[PDB]
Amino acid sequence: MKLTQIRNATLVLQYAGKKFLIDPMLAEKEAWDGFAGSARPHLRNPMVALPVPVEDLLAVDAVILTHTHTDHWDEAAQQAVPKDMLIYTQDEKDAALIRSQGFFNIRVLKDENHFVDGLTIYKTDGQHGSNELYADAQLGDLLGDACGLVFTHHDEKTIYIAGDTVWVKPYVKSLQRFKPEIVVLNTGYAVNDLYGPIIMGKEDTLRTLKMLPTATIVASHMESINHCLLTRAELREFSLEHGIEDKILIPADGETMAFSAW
């Protein structure tokens, strides 16, 4: 069991024999523009370069795509990844636009996804914006859906990749139901101009340990996209103030993290 932080929410995961590339964003440093209608629009994306070359990321059994925002799936990854690569997608909408980009080996993943060997991937709901944001029609379609992944196995520990979501009840029900020993949160604190936080921040790391004390949080989706304000040093400082230093890991780009089972 080896979870590795690449850049933003791009992750490499070894889990029960198989390997997964989660949300591959592989543009060069400052290739495309900053997000309009968000914080720090002057900063170009991505802010940081990749910690390792592209060929190392392609050596993977399947790509998993939580949603099709540009920081999770860019023009570079469309060019770079083979069209016969096994892409897991959130829904038919996502699969349809990936199909029109030239890809064809696609499995639209669903609430429960079982493998004979004992692997089980679950697809969990979130909310990529505030209750106020989704009252708007236009911004609703733009922020859209963005799932979280729960990987279960008998030989391995349960890990929960929560995805681009703010604190909503479906996140709470997912923690209670799956009781995950490891939790990966997108803790960038990305600010929309007129509706505020579209994903989690520092406070959501406290809230989750209050909800699930035995869990160990891995903070991702940070220092990469222009609107993500919450830096690594600030979260690390927030850890110390609440007495939760060893329970919050803040991996650097390229940092592999290992977790045993029994």
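All residue numbers refer to positions in the sequence shown, first residue = 1.
A.B. asks: Comparing 140-148 with 159-167, which has the greater mean CA B-factor as deposited?
C.D. replies: Per the PDB record, 140-148.
A.B. asks: On mean Cα temperature factor in this entry, is 31-39 or 64-72 the higher one?
C.D. replies: The recorded data point to 31-39.
A.B. asks: Going by the entry, which of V108, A190, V183, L97 has the most elevated CA B factor?
C.D. replies: Top of the list by C-alpha B-factor: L97.
A.B. asks: C-alpha B factor of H221, ranked within the chain: lowest, middle or highest third?
C.D. replies: It falls in the bottom third of the chain.
A.B. asks: Using the temperature factors of the C-alpha atoms in this entry, rank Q79 within its chain: lowest, middle or highest third.
C.D. replies: Within its chain, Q79 is a highest-third residue by C-alpha B-factor, going by the deposited values.
A.B. asks: Test of reading the entry: by CA B factor among the chain's modelled residues, which third contains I22?
C.D. replies: Lowest third.
A.B. asks: When the modelled residues of the chain are sorted by Cα temperature factor, does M211 land in the lowest, middle or highest third?
C.D. replies: Highest third - that is where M211 ends up once the chain's C-alpha B-factors are sorted.
A.B. asks: When the modelled residues of the chain are sorted by Cα temperature factor, does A49 land in the lowest, middle or highest third?
C.D. replies: According to the entry, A49 has a C-alpha B-factor in the chain's highest third.
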